[PDB]
2 protein chains.
Amino acid sequence: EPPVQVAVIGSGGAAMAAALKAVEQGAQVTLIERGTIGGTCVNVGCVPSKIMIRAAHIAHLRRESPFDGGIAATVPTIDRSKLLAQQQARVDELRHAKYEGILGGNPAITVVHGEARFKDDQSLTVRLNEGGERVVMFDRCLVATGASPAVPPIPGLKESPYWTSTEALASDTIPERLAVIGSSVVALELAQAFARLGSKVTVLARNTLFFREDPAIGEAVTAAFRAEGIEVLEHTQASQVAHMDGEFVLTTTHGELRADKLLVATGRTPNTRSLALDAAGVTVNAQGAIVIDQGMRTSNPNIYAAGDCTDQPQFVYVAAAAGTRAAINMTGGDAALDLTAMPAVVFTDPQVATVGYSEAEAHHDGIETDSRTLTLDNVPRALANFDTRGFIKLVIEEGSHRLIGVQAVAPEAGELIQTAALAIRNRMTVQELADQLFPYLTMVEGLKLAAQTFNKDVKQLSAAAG
Amino acid sequence: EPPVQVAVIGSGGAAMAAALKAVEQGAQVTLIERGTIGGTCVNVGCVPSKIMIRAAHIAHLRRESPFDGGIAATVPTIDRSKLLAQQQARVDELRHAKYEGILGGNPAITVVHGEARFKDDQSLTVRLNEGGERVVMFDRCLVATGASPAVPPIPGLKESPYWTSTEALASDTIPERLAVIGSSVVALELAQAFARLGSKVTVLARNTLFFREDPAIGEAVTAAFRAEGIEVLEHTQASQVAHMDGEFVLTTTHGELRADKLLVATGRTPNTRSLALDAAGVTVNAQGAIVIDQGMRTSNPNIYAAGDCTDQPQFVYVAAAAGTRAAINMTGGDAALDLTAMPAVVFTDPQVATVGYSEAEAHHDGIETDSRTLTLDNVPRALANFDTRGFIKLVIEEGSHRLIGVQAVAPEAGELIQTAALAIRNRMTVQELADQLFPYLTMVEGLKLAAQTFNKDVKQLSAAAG
Ligand SMILES: Cc1cc2nc3c(=O)[nH]c(=O)nc-3n(C[C@H](O)[C@H](O)[C@H](O)COP(=O)(O)OP(=O)(O)OC[C@H]3O[C@@H](n4cnc5c(N)ncnc54)[C@H](O)[C@@H]3O)c2cc1C
Ligand SMILES: Cc1cc2nc3c(=O)[nH]c(=O)nc-3n(C[C@H](O)[C@H](O)[C@H](O)COP(=O)(O)OP(=O)(O)OC[C@H]3O[C@@H](n4cnc5c(N)ncnc54)[C@H](O)[C@@H]3O)c2cc1C
Ligand SMILES: NC(=O)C1=CN([C@@H]2O[C@H](COP(=O)(O)OP(=O)(O)OC[C@H]3O[C@@H](n4cnc5c(N)ncnc54)[C@H](OP(=O)(O)O)[C@@H]3O)[C@@H](O)[C@H]2O)C=CC1
Ligand SMILES: NC(=O)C1=CN([C@@H]2O[C@H](COP(=O)(O)OP(=O)(O)OC[C@H]3O[C@@H](n4cnc5c(N)ncnc54)[C@H](OP(=O)(O)O)[C@@H]3O)[C@@H](O)[C@H]2O)C=CC1
C-alpha cells in the first residue's frame with residue numbers, strides 16, 4: 001500500500017485545505033504554485049480588503065454618526081502609508097503562519113515554485129520560476145488555480161494605468177477622485193472603503209447595484225451610498241478610457257468623467273487557459289470554468305478541481321470545503337459538498353447577507369413561496385442606534401411554512417445570517433423560529449420579528465413578545 | 001360564554017404581552033399601573049441604557065482605535081444635555097407607540113392608574129393615583145409588578161444623594177469622577193458607558209467581576225476595562241458613605257475614595273411587599289419572589305405571575321414570553337415556558353454572551369462534559385480588526401458530543417450567541433456545527449473554529465478549512 005501521490009496546483013484556500021487533508025489521509029503531496037504562496041485570500045483578497053474596510057469604518061464614524069448632536073465629529077487626517085504598512089504586516093504574518101509554515105513544516109509535502117500544465121492525465125509539466133522544467137507524476141491531481149480580475153473590452157482601457165482590486169488594495173495613497181466600473185461585491189466593498197478614507201467616488205453601474213440579487217438589496221445599498229456622498233450612476237457605461245495630463249478621462253452618456261484613479265471590478269475569470277486541460281480530458285464550460293460534480297470530480301476520474309477555477313460559487317469557505325472533500329475522494333473516500341445553506345456576506349456598511357432562496361430563485365425552481373420584508377425601523381437595535389437603513393427579508397415555502405431563504409441589508413447582517421443558515425439547515429418553520437428566545441436589542445432579534453409578521457402585525461406586538 | 005375578566009398588575013414587558021394575548025384570546029383586561037406606562041424596559045431599562053452605550057461607543061472610537069497609526073483621533077466634546085434629549089425622545093416615542101397607543105386603542109382593555117393589592121383571590125383593591133380607591137374583580141389575575149434596585153445597608157448610603165440605574169440614565173451631566181458599587185450587568189454596562197463619555201470611573205467589586213459566571217468572563221472584561229482606564233477594585237467594599245463639600249467620600253480598605261457621583265448597582269428585588277399576597281394565598285420565596293411553575297401558575301390557581309417579580313431569570317424577553325403564556329393559561333389553554341436555550345447578552349465592549357450550561361453548571365447537574373476555549377486571536381475577524389480581546393468557549397456533553405453551552409466575550413458576541421442557541425435547540429453535536437459553512441471574516445465563524453478544536457489543532461488548519 002504505497003502512499004498515493006497527489007499533485008495540487010495552487011496554494012489558495014482550496015489547495016491548502018486539500019493538501020493538508022490529503023496528508024492527513026496518508027498521501028504524499030506535491031504542490032505547485034507559480035506566484036506568492038497563499039493565493040487570493042490572504043494576499044490580495046479577503047484579508048487585506050476586510051482590513052481596509054475596517055479602517056474605513058473607523059474613519060467614517062470619526063467623520064459622522066447619528067449621535068453628532070451630542071458628540072463632536074472631526075475630519076480625521078489619514079496616513080495611507082501607515083494604514084497600508086499595518087495591513088501588509090498582517091497579510092505577511094498570516095501567510096507565514098497559516099500557509100508557508102504549514103507547508104514548510106510538513107515532510108509529506110513538496111512545494112514547487114513554477115507554472116503547471118497537464119502533459120497527460122497522470123503528469124504535469126512545470127515551468128520552474130528559476131528556469132527550465134520539471135515533470136510531476138501523480139496518481140491523482142487537484143486543480144485549484146483560482147480566478148483573475150476580468151477586464152471589459154472598453155477602448156483605451158487596456159493601455160491605461162487602471163486598477164484591479166489588487167492594485168487598489170496595494171495603493172499607498174488615497175486618490176482625490178476614484179472612478180469605479182462595476183456594480184457587484186468587489187466594486188462596492190472597495191468603492192465605499194475608498195470613499196470613507198477620503199476619495200470622491202463615482203460608481204459606473206451598467207445596470208443597477210447588485211443586479212442579479214433581490215432588487216431590495218441594491219435599492220438599500222444605493223440609498224446608503226448616496227447618503228454618504230458616493231455618486232452612483234445607474235445604467236451607465238464608459239465607451240472610452242483615456243489617460244491624459246495625469247488623470248483618467250472617461251467618455252460616458254452622462255458626459256465626461258475625470259478621476260485620478262480607475263478601479264475596474266467586473267468579475268473574475270477562472271485561471272484555466274494555461275493548463276492544457278485537453279491533454280488530460282478535463283472539460284470546461286463556456287466561461288472556461290472546470291466542470292465538477294458534488295464530489296469535485298472532473299470529466300477525468302484521476303483529476304479533481306476546487307475553488308474559483310470551477311463553476312461553483314466563489315467564496316473562500318466554499319473553496320476550502322471543496323478542497324477538503326476533493327482530497328477525501330482522491331484518497332479513496334466518498335464525500336460531497338452540500339451548498340444548500342451556504343451564506344454570503346458583503347462587507348459594505350450596512351452589510352448585505354443572504355442564504356438560501358430569494359423569491360425569484362425559488363419560483364424559478366418551481367417552489368411556491370410567501371415572504372415578509374421587515375424594515376429596520378422595526379428592529380429595536382436599529383432604533384437604539386438611530387440608524388434604520390435596511391431590512392430583513394424572509395422567504396418560506398407555502399404550505400409547509402419552512403424557511404428557505406433570508407436576505408438582509410443591515411449592520412452585522414453577516415452575523416445574523418448564520419442563525420438563518422442554521423434554521424434552514426434544520427428545516428425550521430418561521431413559527432418555530434419565532435418561538436425561540438432571542439436577546440432583546442440585538443440585530444439578530446430582527447429575524448424573530450420578521451418571522452412573527454407571517455402571523456401578525458409587528459406594530460401591534462409589544463416589547464420582545466413571543 | 002361571558003368574556004373572562006383578566007386583571008393584570010403592571011405595564012412592563014410581562015404585563016403588555018399578557019394583556020394583548022388575553023384580548024386576542026377573547027378576554028376583557030383590566031390593567032393597573034401605579035407609575036409610568038411601560039415599566040422598566042422602555043422607560044429606565046433596556047432602551048435608554050442601550051442608547052447611552054451606543055453613544056459611548058461612538059465617543060470611544062473617536063478617542064481611540066487599533067488604527068490610530070494611520071487615522072488621527074481626537075478627544076470629542078460631549079454635550080450630555082443633547083444626548084439625553086435624543087435618548088428621552090426615543091424612549092417617549094416608543095412608550096407612546098408600542099405601549100400607550102396599543103393599550104389606549106383597544107376597547108377590551110381598561111387602564112387604571114393606581115397601586116393594586118389583593119383583597120382576596122378574586123379581587124384587588126386599588127389606591128388610585130388621583131385619590132380614593134376602587135375594587136377590581138377578576139376571574140384570573142396576572143401579577144407582573146417587576147423589580148426595583150436593591151440597596152445594600154452601608155452606613156451613610158441611605159441619606160446620601162446616590163444614583164441607581166434610573167438616576168444615572170436620567171442624568172444631564174457626565175460627572176468628572178464616578179464611583180460604582182457592584183460588579184454585574186448593570187454596574188458594568190453603565191460603568192463603561194460613563195467612562196467612555198468622559199467620567200473617571202472606579203468600580204468597587206466585592207469579589208471579582210461577573211462572580212457567578214464562568215471565571216474566564218470576568219477575567220476578560222476586567223482586563224478590557226483596565227485597558228481603557230477604568231479602575232476595578234476587586235475584593236473591595238465601602239464600609240461608610242458620606243457626602244461632604246459637594247462630593248462623595250467612601251471609606252474602603254484601599255483607603256478613601258472620592259467622587260462626584262455614586263452609582264449603586266447591587267441587584268434588583270421583586271416588587272411584592274405592597275401586594276398583600278397572603279390575602280390571595282400566593283407563596284413567595286425568601287427573596288420575596290413569587291414562586292411559579294413552567295405555566296406561570298402561582299400557589300393560587302386563579303393567580304399567575306410573570307417577569308422580574310417571579311423567581312425566573314430577569315430579562316425582558318423572558319418576561320414577555322412568560323406573560324404571553326400566562327395569558328394562554330388564564331384563558332383555558334396549556335402552555336409552558338422553556339428556557340433551555342435562553343441566551344443572555346451583556347452590552348459591554350467587548351460584549352458577553354452566554355447560552356446553556358457553563359462547565360460548572362453542567363457538573364452541578366450531574367452532566368459529564370468537555371470544553372474548548374478559543375482565544376479571539378484565532379478568529380480572522382478579530383485579527384482583521386486588530387482587536388483580539390476575548391474568547392469563545394464551547395461546552396459539550398462527553399460521549400454524545402452534543403453542544404450544551406457557549407460563553408463568549410467578543411465584539412458582536414450577542415449576535416453570534418443566537419447561532420449557538422439554535423444549535424443547542426436543535427441538539428447539534430460540535431462536529432455537526434463545525435461541518436456547516438460559515439462566512440469568512442465574521443465573528444460568528446469563531447463558533448465553527450472553536451467547534452473544530454475538539455478534533456484538531458486550530459493553528460494547523462488553513463483558511464476557512466472545514
Ligand atoms: C478583493 C477580494 C475580496 C474578497 N473577499 C472575500 C470574502 O470576504 N469572503 C470570501 O469568502 N471570499 C472573498 N473573496 C473570494 C475569495 O478570495 C476566493 O473565492 C478564494 O480565495 C478562492 O480560493 P482558491 O483556492 O480557489 O484560489 P486562489 O486563492 O486564487 O489560488 C489559486 C492559486 O493558483 C495559482 N495558479 C494558478 N494557475 C496556476 C498554474 N498553472 N500553476 C501553478 N499555480 C497556479 C495562482 O497564482 C494562485 O496563487 C474575495 C476576492 C477578492 C478578489
Ligand atoms: C438599566 C437596566 C438595563 C436593562 N437592560 C436589559 C437588556 O438589555 N435586555 C434585557 O433582556 N433585560 C434588560 N433589563 C431587565 C429588563 O428591563 C427587565 O427584566 C424587564 O423590563 C422586566 O419586565 P417586567 O414586565 O417583569 O417588569 P417591569 O417592566 O418592571 O414592570 C413592572 C411594573 O409594575 C408596576 N407596579 C409594581 N407594583 C405595582 C402595584 N402594586 N400596582 C400597580 N403597578 C405596579 C411598576 O411601576 C412597573 O411599571 C434591564 C434592566 C435595567 C434596570
Ligand atoms: N464578501 C465576499 O464574499 C466577496 C466575494 N467576492 C467574490 O468574488 C466574485 C467576483 O466579484 P466581482 O468582480 O464583484 O464580480 P461579480 O461576478 O460579482 O459581478 C460582476 C460585476 O461586473 C459587472 N460587469 C460585467 N461586465 C461588465 C462590463 N462590460 N461593463 C460594466 N460592468 C460589467 C456586472 O454588472 P451587472 O451585474 O449589471 O451584470 C457586475 O457588477 C464575487 O461574485 C464573489 O463570489 C469578492 C469580494 C468580496
Ligand atoms: N443586558 C441585559 O440583559 C441586562 C439585564 N439586566 C438584568 O437585571 C438584573 C439585575 O442586574 P444587577 O443589578 O447587575 O444585579 P445582579 O443580580 O446581576 O448582580 C448583583 C450584583 O450586586 C453585587 N452585590 C450584591 N450585594 C452587594 C453588597 N452588599 N455590596 C457590594 N456588592 C453587592 C453582586 O456581587 P457578587 O456578584 O460579588 O455577589 C453583583 O455584582 C440582571 O441579573 C439581569 O438579569 C440588567 C441590565 C442589563
Side-chain angles (χ1 to χ4, degrees), chain A residues 40-65 76 78-80 82-91 94 163-175 178 180 182-199 201 203 209-210 220-221 224-225 227-230 261 263 265 315-316 344-353 387 389-390 409-415 417, chain B residues 61 65-71 379-387 411-412 415 439-445 463:
Chain A
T40 292
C41 234
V42 72
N43 292 307
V44 299
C46 325
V47 174
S49 64
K50 270 75 266 183
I51 295 175
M52 189 164 188
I53 292 166
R54 181 59 183 168
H57 189 88
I58 292 153
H60 177 72
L61 283 181
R62 283 180 178 173
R63 185 174 296 107
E64 65 184 78
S65 85
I78 303 295
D79 188 335
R80 175 61 180 157
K82 293 293 178 179
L83 293 174
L84 174 58
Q86 171 180 39
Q87 176 186 305
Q88 195 66 55
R90 180 115 306 169
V91 164
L94 293 174
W163 286 348
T164 71
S165 51
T166 297
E167 292 83 11
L169 288 169
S171 176
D172 68 353
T173 64
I174 301 296
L178 174 68
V180 178
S183 51
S184 190
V185 198
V186 175
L188 303 174
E189 285 189 353
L190 299 187
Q192 196 179 30
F194 274 91
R196 286 175 167 210
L197 292 161
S199 297
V201 180
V203 177
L209 298 197
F210 292 114
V221 174
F225 274 34
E228 62 180 70
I230 299 171
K261 296 295 170 176
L263 170 67
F315 296 107
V316 75
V345 179
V346 184
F347 296 96
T348 48
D349 177 41
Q351 285 164 14
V352 184
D387 176 22
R389 294 177 293 171
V409 175
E412 309 323 318
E415 306 300 339
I417 206 71
Chain B
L61 283 181
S65 85
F67 290 79
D68 290 345
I71 313 172
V379 178
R381 174 80 262 165
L383 293 166
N385 288 352
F386 294 83
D387 176 22
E412 309 323 318
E415 306 300 339
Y440 192 55
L441 288 159
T442 57
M443 203 66 80
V444 68
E445 182 178 40

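Heavy atoms only: backbone and side chains are in, while hydrogens, waters and symmetry mates are out. Chain letters run A, B, ... following the sequence lines, proteins first, then strands; residues in each count from 1.
A heavy-atom distance below 4.5 Å is found between the side chains of A:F225 and A:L188. Residues A:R62 and B:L61 have side chains not in contact (no heavy-atom distance under 4.5 Å, counting atoms from C-beta outward). By the 4.5 Å heavy-atom criterion applied to side chains, A:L178 and A:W163 are counted as neighbours. Looking only at side-chain heavy atoms (C-beta outward), A:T348 and A:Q192 come within less than 4.5 Å of each other.
Rounded to the nearest 0.5 Å, atoms CD1 (A:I58) and CG (B:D68) are 7.5 Å apart. Atom CD of residue A:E412 and atom CG of residue A:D349 lie 8.5 Å apart, to the nearest 0.5 angstrom. With rounding to the nearest 0.5 Å, the separation of CG in A:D79 from CD1 in B:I71 is 10.5 Å. If you take CG on A:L83 and CG on A:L197, they are separated by 6.5 Å, rounding to the nearest 0.5 Å. A:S183 contributes atom OG, which lies 8.5 Å from atom CZ of A:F210 (distance to the nearest 0.5 angstrom). Atom CZ of residue A:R54 and atom CG of residue B:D387 lie 8.0 Å apart, to the nearest 0.5 angstrom.
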ask   = Please walk me through it: do A:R196 and A:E228 pass salt bridge (charged side-chain N to carboxylate O under 4.0 Å, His left out)?
value = CA-CA 9 Å; A:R196 286 175 167 210; A:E228 62 180 70; 3.0 Å; yes

message = Evaluate A:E189 against A:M52 for side-chain contact (heavy atoms from CB on, under 4.5 Å), listing each step before the verdict.
response = CA-CA 10 Å; A:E189 285 189 353; A:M52 189 164 188; over 6 Å; no

Audit row: A:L84, A:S171, side-chain contact (heavy atoms from CB on, under 4.5 Å) steps and yes/no = CA-CA 8 Å; A:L84 174 58; A:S171 176; over 6 Å; no

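Judged as a side chain to side chain contact (heavy atoms under 4.5 Å, CB included), and not counting sequence neighbours, the contacts of B:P380 are B:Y440, B:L441, B:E445, B:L449. For A:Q88, the side-chain hydrogen bond (donor to acceptor under 3.5 Å, both in side chains) partners two or more places apart in sequence, or in a different chain, are A:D92. Residues passing the side-chain hydrogen bond (donor to acceptor under 3.5 Å, both in side chains) test with A:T164, sequence neighbours excluded: A:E167.
A:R63 places no side-chain N or O within donor-acceptor distance of the main-chain N or O of A:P76, the cut-off being under 3.5 Å.
A donor atom on one side chain and an acceptor atom on the other are found under 3.5 Å apart for A:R80 and A:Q87. If you check the side chains of A:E415 and A:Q351, you find no donor sitting under 3.5 Å from an acceptor.
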